[PDB]
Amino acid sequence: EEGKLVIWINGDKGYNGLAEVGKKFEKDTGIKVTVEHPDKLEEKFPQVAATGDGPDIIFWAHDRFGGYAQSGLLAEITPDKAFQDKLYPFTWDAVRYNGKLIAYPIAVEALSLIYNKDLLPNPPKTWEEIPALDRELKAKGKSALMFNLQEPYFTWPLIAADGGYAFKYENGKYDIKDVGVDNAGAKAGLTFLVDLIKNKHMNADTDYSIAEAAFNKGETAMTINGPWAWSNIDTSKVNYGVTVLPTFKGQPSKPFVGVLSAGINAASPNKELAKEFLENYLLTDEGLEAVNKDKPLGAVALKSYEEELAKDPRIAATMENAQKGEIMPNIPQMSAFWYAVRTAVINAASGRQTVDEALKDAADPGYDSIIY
């Protein structure tokens, strides 16, 4: 099935805009490009490719692609130095597996601090400031901060700020023997979170929908969330802004970064066409804008178009928190790690475990991450 391009992308992306780029590529080359948005595409792709079928190009979060590459399902991509120079260097980091590039970065996503400009026109630059801020707001019938404490993705930026990390990352490789989740930095960040809860500035039970409800009805001055939340805040009419996360111990909060990426199916007989399409049609200002026009990509990896889009301070902030954070590791071990950390944060925040006990357990999981 040579001579064409079949592309899979998720249904919450601008697939109709990507279809217009496919139509331009066909006008110029005569090669037909078909864009599909299957349900469950990231589960379906290894099922169909592993028997040398599937699309020629697949778009998904970079972290799943480690999995695919481990199974030999993705081609090494081959952009020259001049092409790689057009994207932010930290993005190339996300699409490396065994020192080889395995996908093109497209867009970048990370948490930011979202604030209610009517309640809080000058938001805090530091975590250490938030308790006093909370006191002032509580006197007005409001609170300083609510965010999801049930999922450790949302709490991680504070945990990593003073030096906590998941898996040491050096020379383009994760050392899974070297876990940083119980080091002195991680303990200090988590102890700060636990103290906030002990001191009634936050509630251990708060989850994604409680925090979103409070922010969007103007009951709390701040929340921590990502660009997937903006359109709900737009519906609410809150006058919000989006900014840099606070520092802790004078160091930046470090959210994990998700890189929407495009990989080439190892079994495609159309690898050269895929490279030309991605490098010369999609990853240019005109190509990304065709997609963005349809549904906003957020912050993008291509520097020239990101600079254009970053006139929107919300998008500038996303990129700013992303460059201060770290790439989500693309290794299969992350899912056991996230399960152990999630228990750790819940147990420390409830009083069930101390911070030191909780985190030692996350670093040294034993059999704890084999469910059920």
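Heads up: residue numbers just count along the shown sequence, starting at 1.
Which of the two stretches, 219-227 or 91-99, shows the higher mean Cα temperature factor in the record?
Comparing 219-227 with 91-99, the higher mean C-alpha B-factor belongs to 91-99.
Could you settle it for me: does 231-239 or 296-304 have the higher average Cα B factor in the PDB entry?
The entry gives the higher C-alpha B-factor average to 231-239.
Between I58, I327, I315, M334, which one tops the list for Cα B-factor in this entry?
Highest C-alpha B-factor among the listed residues goes to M334.
Based on the PDB record, which member of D175, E279, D285, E128 exhibits the highest Cα temperature factor?
So the option with the highest C-alpha B-factor is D175.
State the tercile, meaning the lowest, middle or highest third, of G17 with respect to the CA B-factors recorded for its chain.
For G17, whose C-alpha B-factor we compare with every modelled residue in the chain, the answer is the lowest third.
Going by what the PDB entry lists, where does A322 fall on CA B-factor within its chain: lowest, middle or highest third?
Within its chain, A322 is a lowest-third residue by C-alpha B-factor, going by the deposited values.
Consider only the C-alpha atoms of the modelled residues in this chain, order them by B-factor as the entry records it, and name the third containing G141: lowest, middle or highest.
Highest third - that is where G141 ends up once the chain's C-alpha B-factors are sorted.
Within this chain's modelled residues, let me know which third the CA B factor of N148 belongs to: lowest, middle or highest.
Its C-alpha B-factor belongs to the middle third of this chain's values.
Would you mind ranking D134 by its C-alpha B-factor against the rest of the chain and naming the third, lowest, middle or highest?
Answer is lowest: the recorded C-alpha B-factor places it there.
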